[PDB]
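Structure data follow from protein02.txt (compact mmCIF, C-alpha atoms and all ligand atoms):
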# COMPACT_ATOMS: atom_id res chain seq x y z
CA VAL A 1 52.12 -117.73 102.28
CA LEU A 2 51.87 -121.39 103.34
CA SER A 3 51.15 -122.11 107.01
CA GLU A 4 53.49 -124.27 109.04
CA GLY A 5 50.91 -127.06 108.89
CA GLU A 6 50.82 -126.82 105.05
CA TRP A 7 54.62 -126.97 104.93
CA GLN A 8 54.60 -130.07 107.11
CA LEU A 9 52.26 -131.81 104.67
CA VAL A 10 54.53 -130.82 101.76
CA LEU A 11 57.73 -131.97 103.38
CA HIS A 12 56.20 -135.14 104.75
CA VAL A 13 55.40 -136.35 101.24
CA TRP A 14 58.66 -134.98 99.91
CA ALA A 15 60.56 -137.17 102.41
CA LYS A 16 58.95 -140.15 100.66
CA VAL A 17 60.25 -138.95 97.34
CA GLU A 18 63.80 -138.83 98.43
CA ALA A 19 63.84 -142.62 98.80
CA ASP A 20 63.73 -142.94 95.02
CA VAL A 21 64.55 -139.54 93.59
CA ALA A 22 65.48 -141.00 90.17
CA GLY A 23 62.26 -143.04 89.70
CA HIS A 24 60.16 -140.04 90.54
CA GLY A 25 62.16 -137.80 88.19
CA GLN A 26 61.62 -140.27 85.30
CA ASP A 27 57.88 -140.56 85.94
CA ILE A 28 57.55 -136.80 86.20
CA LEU A 29 59.48 -135.91 83.03
CA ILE A 30 57.81 -138.63 81.04
CA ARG A 31 54.40 -137.45 82.16
CA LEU A 32 55.35 -133.87 81.27
CA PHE A 33 56.58 -134.85 77.79
CA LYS A 34 53.60 -137.07 77.04
CA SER A 35 50.98 -134.61 78.33
CA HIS A 36 52.63 -131.53 76.83
CA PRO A 37 54.83 -132.46 73.88
CA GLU A 38 55.89 -128.84 73.29
CA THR A 39 57.96 -129.24 76.48
CA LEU A 40 60.09 -132.04 75.04
CA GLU A 41 60.95 -129.75 72.16
CA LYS A 42 62.80 -127.45 74.63
CA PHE A 43 65.38 -130.16 75.31
CA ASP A 44 67.80 -130.67 72.47
CA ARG A 45 69.15 -133.39 74.79
CA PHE A 46 65.82 -135.38 74.63
CA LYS A 47 64.01 -134.49 71.49
CA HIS A 48 65.19 -137.76 69.75
CA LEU A 49 62.95 -139.70 72.15
CA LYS A 50 59.76 -140.62 70.24
CA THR A 51 58.16 -143.28 72.52
CA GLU A 52 57.57 -143.76 76.20
CA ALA A 53 59.77 -146.87 76.13
CA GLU A 54 62.63 -144.87 74.70
CA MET A 55 62.12 -142.26 77.40
CA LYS A 56 62.11 -144.90 80.16
CA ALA A 57 65.32 -146.40 78.72
CA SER A 58 67.26 -143.14 78.63
CA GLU A 59 69.82 -142.89 81.41
CA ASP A 60 70.50 -139.26 80.51
CA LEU A 61 66.74 -138.49 81.08
CA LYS A 62 66.91 -140.28 84.45
CA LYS A 63 69.98 -138.17 85.39
CA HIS A 64 68.17 -135.00 84.49
CA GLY A 65 65.17 -136.02 86.56
CA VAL A 66 67.45 -136.24 89.58
CA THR A 67 68.90 -132.77 88.78
CA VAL A 68 65.39 -131.31 88.64
CA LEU A 69 64.03 -132.96 91.77
CA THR A 70 67.20 -132.20 93.78
CA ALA A 71 66.80 -128.51 92.95
CA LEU A 72 63.04 -128.57 93.78
CA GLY A 73 63.66 -130.41 97.04
CA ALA A 74 66.24 -127.80 98.16
CA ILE A 75 63.61 -125.06 97.36
CA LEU A 76 60.78 -126.81 99.21
CA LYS A 77 62.91 -127.37 102.33
CA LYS A 78 63.44 -123.55 102.54
CA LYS A 79 59.68 -123.20 103.12
CA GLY A 80 59.29 -120.07 101.06
CA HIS A 81 62.63 -118.52 102.11
CA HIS A 82 64.03 -119.61 98.77
CA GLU A 83 65.33 -116.42 97.10
CA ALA A 84 68.85 -117.70 96.80
CA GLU A 85 67.81 -120.87 95.16
CA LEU A 86 65.34 -119.31 92.72
CA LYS A 87 67.49 -116.55 91.38
CA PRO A 88 69.75 -118.76 89.41
CA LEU A 89 67.02 -121.14 88.24
CA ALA A 90 64.77 -118.28 87.08
CA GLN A 91 67.65 -116.66 85.33
CA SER A 92 68.71 -119.77 83.46
CA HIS A 93 65.14 -120.89 82.61
CA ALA A 94 64.10 -117.47 81.35
CA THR A 95 67.19 -116.36 79.46
CA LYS A 96 69.05 -119.55 78.42
CA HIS A 97 66.52 -122.41 78.32
CA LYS A 98 63.60 -120.16 77.25
CA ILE A 99 60.93 -121.95 79.32
CA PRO A 100 57.56 -120.18 79.61
CA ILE A 101 55.94 -119.91 83.06
CA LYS A 102 53.12 -121.97 81.63
CA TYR A 103 55.51 -124.96 81.27
CA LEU A 104 56.29 -124.63 84.94
CA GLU A 105 52.55 -125.05 85.54
CA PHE A 106 52.66 -128.18 83.39
CA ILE A 107 55.57 -129.75 85.31
CA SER A 108 53.78 -128.82 88.58
CA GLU A 109 50.79 -130.85 87.41
CA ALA A 110 53.07 -133.76 86.57
CA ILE A 111 54.75 -133.63 90.00
CA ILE A 112 51.36 -133.68 91.77
CA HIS A 113 50.12 -136.58 89.67
CA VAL A 114 53.24 -138.70 90.29
CA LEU A 115 53.19 -137.98 94.04
CA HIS A 116 49.55 -139.06 94.18
CA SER A 117 50.35 -142.30 92.28
CA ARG A 118 53.41 -143.20 94.44
CA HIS A 119 52.31 -141.92 97.88
CA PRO A 120 48.55 -142.02 98.21
CA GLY A 121 48.51 -142.51 102.00
CA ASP A 122 50.68 -139.33 102.40
CA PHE A 123 49.04 -137.44 99.60
CA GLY A 124 45.40 -137.08 100.49
CA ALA A 125 43.55 -133.93 99.60
CA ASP A 126 45.02 -131.85 102.43
CA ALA A 127 48.58 -132.65 101.23
CA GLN A 128 47.58 -132.24 97.60
CA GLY A 129 46.29 -128.74 98.35
CA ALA A 130 49.40 -127.86 100.34
CA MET A 131 51.71 -129.09 97.56
CA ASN A 132 49.65 -127.15 95.04
CA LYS A 133 50.20 -124.04 97.17
CA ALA A 134 53.95 -124.73 97.42
CA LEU A 135 54.26 -125.12 93.65
CA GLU A 136 52.16 -122.05 93.09
CA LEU A 137 54.54 -120.09 95.36
CA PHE A 138 57.46 -121.44 93.34
CA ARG A 139 55.81 -120.29 90.11
CA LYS A 140 54.78 -116.90 91.50
CA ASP A 141 58.32 -116.16 92.63
CA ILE A 142 59.92 -117.39 89.40
CA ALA A 143 57.37 -115.32 87.42
CA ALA A 144 58.37 -112.12 89.28
CA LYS A 145 61.97 -112.74 88.25
CA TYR A 146 60.97 -113.46 84.67
CA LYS A 147 59.01 -110.17 84.67
CA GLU A 148 62.04 -108.26 85.95
CA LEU A 149 64.08 -109.70 83.05
CA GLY A 150 61.49 -109.09 80.39
CA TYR A 151 60.19 -112.65 79.95
CA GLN A 152 56.85 -112.85 81.73
CA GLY A 153 55.01 -112.40 78.36
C1 LIG B 201 60.25 -127.85 88.93
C2 LIG B 201 60.69 -127.22 87.86
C3 LIG B 201 62.11 -127.21 87.37
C4 LIG B 201 63.26 -127.29 88.05
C5 LIG B 201 63.50 -127.30 89.58
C6 LIG B 201 64.34 -127.34 87.10
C7 LIG B 201 65.69 -127.42 87.38
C8 LIG B 201 66.73 -127.42 86.47
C9 LIG B 201 68.12 -127.48 86.80
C10 LIG B 201 68.63 -127.52 88.25
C11 LIG B 201 68.85 -127.47 85.67
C12 LIG B 201 70.34 -127.44 85.46
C13 LIG B 201 70.86 -126.05 85.89
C14 LIG B 201 70.29 -124.89 85.11
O1 LIG B 201 70.42 -124.90 83.88
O2 LIG B 201 69.65 -123.98 85.69
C15 LIG B 201 67.90 -127.42 84.57
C16 LIG B 201 68.19 -127.42 83.22
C17 LIG B 201 67.28 -127.33 82.17
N1 LIG B 201 65.88 -127.22 82.29
FE1 LIG B 201 64.86 -127.19 84.05
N2 LIG B 201 63.80 -127.26 85.79
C18 LIG B 201 62.45 -127.18 85.96
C19 LIG B 201 61.56 -127.13 84.91
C20 LIG B 201 61.84 -127.13 83.54
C21 LIG B 201 60.88 -127.22 82.49
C22 LIG B 201 59.37 -127.27 82.69
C23 LIG B 201 61.60 -127.25 81.34
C24 LIG B 201 61.15 -127.43 79.87
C25 LIG B 201 59.92 -127.54 79.50
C26 LIG B 201 62.98 -127.17 81.63
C27 LIG B 201 64.04 -127.14 80.80
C28 LIG B 201 65.34 -127.19 81.03
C29 LIG B 201 66.39 -127.26 80.04
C30 LIG B 201 66.24 -127.27 78.56
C31 LIG B 201 67.63 -127.40 80.78
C32 LIG B 201 69.02 -127.63 80.22
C33 LIG B 201 69.07 -129.18 79.98
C34 LIG B 201 70.32 -129.56 79.25
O3 LIG B 201 70.33 -129.46 77.96
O4 LIG B 201 71.27 -129.95 80.00
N3 LIG B 201 63.12 -127.09 83.02
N4 LIG B 201 66.62 -127.37 85.09
Please lay out the structure from this file as structure tokens.
Ligand code: HEM
Amino acid sequence: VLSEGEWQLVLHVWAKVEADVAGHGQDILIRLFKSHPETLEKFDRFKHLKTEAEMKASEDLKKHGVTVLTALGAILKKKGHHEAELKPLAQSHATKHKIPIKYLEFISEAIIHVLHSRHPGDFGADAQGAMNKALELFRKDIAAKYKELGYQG
């Protein structure tokens, strides 16, 4: 359970993201695909992209980055009271998209790295630890839903 002070750190940096949701979503997905190429393979939509320049030039990738970060922002702003938002995401990522929990750890790492690059003055160690906790909570709660459905592994 995050404290109120931890949530403030999380949402203070997240407010900086929402000034350029699409740029962040590109940096995060590109980092994810470059660092963990098995993740790109999960997107039939993106698996034709073979270079970082091709990734940066894809408008469809940029659109999807906004979809992802809009859904994560709505979850973070619930401060843990996010059951309604996770149900559907867990269900589609477990049963339709077939995304292992481990790849949610990978995209969490990408999110933290991009927030540190773009917002260092609002993403010192205290905020980095709080955002790590918030993403852990996200993963823990998605993982319990995966387990229910037979996908925790
Ligand atoms: C912060 C973590 C994530 C969030 C908030 C998120 C959110 C979403 C949302 C809102 C959608 C569209 C609605 C739906 O299908 O449920 C979607 C689609 C999808 N996601 Fe995620 N996602 C996350 C992580 C991942 C990861 C790590 C992968 C793959 C490694 C992935 C793979 C997919 C795929 C394959 C689709 C369908 C894309 C398409 O072909 O249109 N997601 N995601």
Starting from 5 Å padding per side, set up an axis-aligned box that covers all listed atoms of ligand LIG 201 (chain B) and hand over centre and edge lengths in Å, one decimal, as AutoDock Vina command-line options.
--center_x 65.3 --center_y -127.0 --center_z 83.8 --size_x 21.9 --size_y 16.0 --size_z 21.6
**Asked** Could you state the separation of atom CA of residue 77 of chain A and atom CA of residue 11 of chain A in Å, given to one decimal place?
**Response**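 Spanning atom CA of residue 77 of chain A to atom CA of residue 11 of chain A is a straight-line distance of 7.0 Å.
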Report as a Markdown table: every residue of chain A with an atom at most 8 Å from ligand LIG 201 (chain B), its closest pair of atoms, and their distance in Å to one decimal, counting only C-alpha atoms and all ligand atoms, with rows sorted by chain and ascending residue number.
| residue | atom | partner | partner_atom | distance |
| --- | --- | --- | --- | --- |
| A:32 | CA | B:LIG201 | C22 | 7.9 |
| A:38 | CA | B:LIG201 | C25 | 7.5 |
| A:39 | CA | B:LIG201 | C25 | 4.0 |
| A:40 | CA | B:LIG201 | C25 | 6.3 |
| A:41 | CA | B:LIG201 | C25 | 7.7 |
| A:42 | CA | B:LIG201 | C30 | 5.2 |
| A:43 | CA | B:LIG201 | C30 | 4.4 |
| A:44 | CA | B:LIG201 | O3 | 6.2 |
| A:45 | CA | B:LIG201 | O3 | 5.2 |
| A:64 | CA | B:LIG201 | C33 | 7.4 |
| A:67 | CA | B:LIG201 | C10 | 5.3 |
| A:68 | CA | B:LIG201 | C7 | 4.1 |
| A:69 | CA | B:LIG201 | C5 | 6.1 |
| A:70 | CA | B:LIG201 | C10 | 7.4 |
| A:71 | CA | B:LIG201 | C5 | 4.9 |
| A:72 | CA | B:LIG201 | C5 | 4.4 |
| A:88 | CA | B:LIG201 | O2 | 6.4 |
| A:89 | CA | B:LIG201 | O2 | 4.6 |
| A:90 | CA | B:LIG201 | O2 | 7.6 |
| A:91 | CA | B:LIG201 | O2 | 7.6 |
| A:92 | CA | B:LIG201 | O2 | 4.9 |
| A:93 | CA | B:LIG201 | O2 | 6.3 |
| A:96 | CA | B:LIG201 | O1 | 7.8 |
| A:97 | CA | B:LIG201 | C30 | 4.9 |
| A:98 | CA | B:LIG201 | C30 | 7.7 |
| A:99 | CA | B:LIG201 | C24 | 5.5 |
| A:100 | CA | B:LIG201 | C25 | 7.7 |
| A:103 | CA | B:LIG201 | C22 | 4.7 |
| A:104 | CA | B:LIG201 | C22 | 4.6 |
| A:105 | CA | B:LIG201 | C22 | 7.7 |
| A:106 | CA | B:LIG201 | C22 | 6.8 |
| A:107 | CA | B:LIG201 | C22 | 5.2 |
| A:108 | CA | B:LIG201 | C1 | 6.6 |
Proximity of segment 19-111 of chain A to segment 120-132 of chain A: per-residue shortest pair, 10 Å limit, only C-alpha atoms, as a tab-separated table:
residue	atom	partner	partner_atom	distance
A:76	CA	A:131	CA	9.5
A:108	CA	A:132	CA	7.8
A:109	CA	A:132	CA	8.6
A:111	CA	A:131	CA	9.3
**All residues 8 Å or closer to residue 142 of chain A, all atoms listed in the file, same chain fewer than 4 positions away omitted, as JSON, numbers by chain** = {"A": [86, 87, 90, 101, 138, 146]}
**Request:** Please provide the set of residues having any atom within 10 Å of residue 73 of chain A, restricted to all atoms listed in the file, with same-chain residues fewer than 5 positions apart removed, written as a VMD selection string.
**Result:** chain A and resid 11 14 to 15 17 to 18 21 68 78
Please, could you write that set of residues out with C-alpha atoms as a short mmCIF file (atom, residue, chain, number, x, y, z; two decimals), in the frame of the given file?
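Listed below is the output, out04.cif:
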data_model
loop_
_atom_site.label_atom_id
_atom_site.label_comp_id
_atom_site.auth_asym_id
_atom_site.auth_seq_id
_atom_site.Cartn_x
_atom_site.Cartn_y
_atom_site.Cartn_z
CA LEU A 11 57.73 -131.97 103.38
CA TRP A 14 58.66 -134.98 99.91
CA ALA A 15 60.56 -137.17 102.41
CA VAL A 17 60.25 -138.95 97.34
CA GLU A 18 63.80 -138.83 98.43
CA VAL A 21 64.55 -139.54 93.59
CA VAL A 68 65.39 -131.31 88.64
CA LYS A 78 63.44 -123.55 102.54
#
**Asked** Nearest to residue 5 of chain A: which of A:102, A:48, A:79, A:36 is it, counting all atoms listed in the file?
**Response** A:79
**Asked** What separation in Å, quoted to one decimal, exists between atom CA of residue 28 of chain A and atom CA of residue 133 of chain A?
**Response**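 According to the coordinates, atom CA of residue 28 of chain A and atom CA of residue 133 of chain A are separated by 18.4 Å.
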**Request:** One decimal, Å: what's the distance from atom CA of residue 25 of chain A over to atom CA of residue 61 of chain A, could you say?
**Result:** 8.5 Å
**Among listed residues A:113, A:62, A:82, A:16, nearest residue 31 of chain A (using all atoms listed in the file)** =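 Under the stated criterion, the closest residue is A:113.
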**Message:** Using only C-alpha atoms, which protein or nucleic acid residues come within 12 Å of residue 53 of chain A? Drop anything in the same chain fewer than 4 positions from it, and give the result as a PyMOL selection string.
**Reply:** chain A and resi 26-27+30+34+49+57-58+61
**Asked** Pick from A:24, A:8, A:139, A:3: nearest to residue 118 of chain A, with all atoms listed in the file counted?
**Response**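 Answer, going by the shortest atom-to-atom distance: A:24.
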**Message:** I'd like the contact shell of residue 1 of chain A - 9 Å cut-off, all atoms listed in the file, skipping same-chain residues fewer than 3 positions apart - returned as number ranges by chain.
**Reply:** A: 80, 133-134, 137
**Request:** Go through A:2, A:22, A:143, A:85 and flag the residue nearest residue 56 of chain A, using all atoms listed in the file for the distances.
**Result:** A:22
What would segment 26-38 of chain A look like with N, CA, C and O atoms in place, written as a PDB file, in the coordinates of the input?
ATOM      1  N   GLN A  26      62.025-139.632  86.592  1.00  0.00           N
ATOM      2  CA  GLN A  26      61.620-140.270  85.300  1.00  0.00           C
ATOM      3  C   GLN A  26      60.146-140.180  85.106  1.00  0.00           C
ATOM      4  O   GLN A  26      59.702-139.763  84.012  1.00  0.00           O
ATOM      5  N   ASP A  27      59.334-140.549  86.097  1.00  0.00           N
ATOM      6  CA  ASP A  27      57.880-140.560  85.940  1.00  0.00           C
ATOM      7  C   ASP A  27      57.450-139.154  85.672  1.00  0.00           C
ATOM      8  O   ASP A  27      56.514-138.979  84.855  1.00  0.00           O
ATOM      9  N   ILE A  28      58.027-138.168  86.359  1.00  0.00           N
ATOM     10  CA  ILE A  28      57.550-136.800  86.200  1.00  0.00           C
ATOM     11  C   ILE A  28      57.898-136.259  84.816  1.00  0.00           C
ATOM     12  O   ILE A  28      57.055-135.638  84.147  1.00  0.00           O
ATOM     13  N   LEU A  29      59.128-136.424  84.369  1.00  0.00           N
ATOM     14  CA  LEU A  29      59.480-135.910  83.030  1.00  0.00           C
ATOM     15  C   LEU A  29      58.754-136.578  81.912  1.00  0.00           C
ATOM     16  O   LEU A  29      58.321-135.942  80.972  1.00  0.00           O
ATOM     17  N   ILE A  30      58.616-137.908  82.045  1.00  0.00           N
ATOM     18  CA  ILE A  30      57.810-138.630  81.040  1.00  0.00           C
ATOM     19  C   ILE A  30      56.349-138.150  80.974  1.00  0.00           C
ATOM     20  O   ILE A  30      55.823-137.920  79.893  1.00  0.00           O
ATOM     21  N   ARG A  31      55.719-137.979  82.155  1.00  0.00           N
ATOM     22  CA  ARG A  31      54.400-137.450  82.160  1.00  0.00           C
ATOM     23  C   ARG A  31      54.339-136.075  81.520  1.00  0.00           C
ATOM     24  O   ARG A  31      53.448-135.785  80.713  1.00  0.00           O
ATOM     25  N   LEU A  32      55.290-135.215  81.857  1.00  0.00           N
ATOM     26  CA  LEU A  32      55.350-133.870  81.270  1.00  0.00           C
ATOM     27  C   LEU A  32      55.459-133.926  79.721  1.00  0.00           C
ATOM     28  O   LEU A  32      54.697-133.264  79.003  1.00  0.00           O
ATOM     29  N   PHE A  33      56.370-134.765  79.217  1.00  0.00           N
ATOM     30  CA  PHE A  33      56.580-134.850  77.790  1.00  0.00           C
ATOM     31  C   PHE A  33      55.412-135.444  77.058  1.00  0.00           C
ATOM     32  O   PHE A  33      55.137-135.060  75.921  1.00  0.00           O
ATOM     33  N   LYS A  34      54.780-136.448  77.651  1.00  0.00           N
ATOM     34  CA  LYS A  34      53.600-137.070  77.040  1.00  0.00           C
ATOM     35  C   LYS A  34      52.397-136.150  77.052  1.00  0.00           C
ATOM     36  O   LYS A  34      51.647-136.069  76.056  1.00  0.00           O
ATOM     37  N   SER A  35      52.185-135.461  78.161  1.00  0.00           N
ATOM     38  CA  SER A  35      50.980-134.610  78.330  1.00  0.00           C
ATOM     39  C   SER A  35      51.099-133.312  77.571  1.00  0.00           C
ATOM     40  O   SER A  35      50.143-132.725  77.134  1.00  0.00           O
ATOM     41  N   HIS A  36      52.331-132.843  77.427  1.00  0.00           N
ATOM     42  CA  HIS A  36      52.630-131.530  76.830  1.00  0.00           C
ATOM     43  C   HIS A  36      53.853-131.672  75.964  1.00  0.00           C
ATOM     44  O   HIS A  36      54.967-131.256  76.283  1.00  0.00           O
ATOM     45  N   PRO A  37      53.663-132.205  74.714  1.00  0.00           N
ATOM     46  CA  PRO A  37      54.830-132.460  73.880  1.00  0.00           C
ATOM     47  C   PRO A  37      55.676-131.287  73.511  1.00  0.00           C
ATOM     48  O   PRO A  37      56.846-131.450  73.149  1.00  0.00           O
ATOM     49  N   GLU A  38      55.097-130.060  73.554  1.00  0.00           N
ATOM     50  CA  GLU A  38      55.890-128.840  73.290  1.00  0.00           C
ATOM     51  C   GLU A  38      57.037-128.720  74.289  1.00  0.00           C
ATOM     52  O   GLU A  38      58.056-128.114  73.993  1.00  0.00           O
TER      53      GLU A  38
END
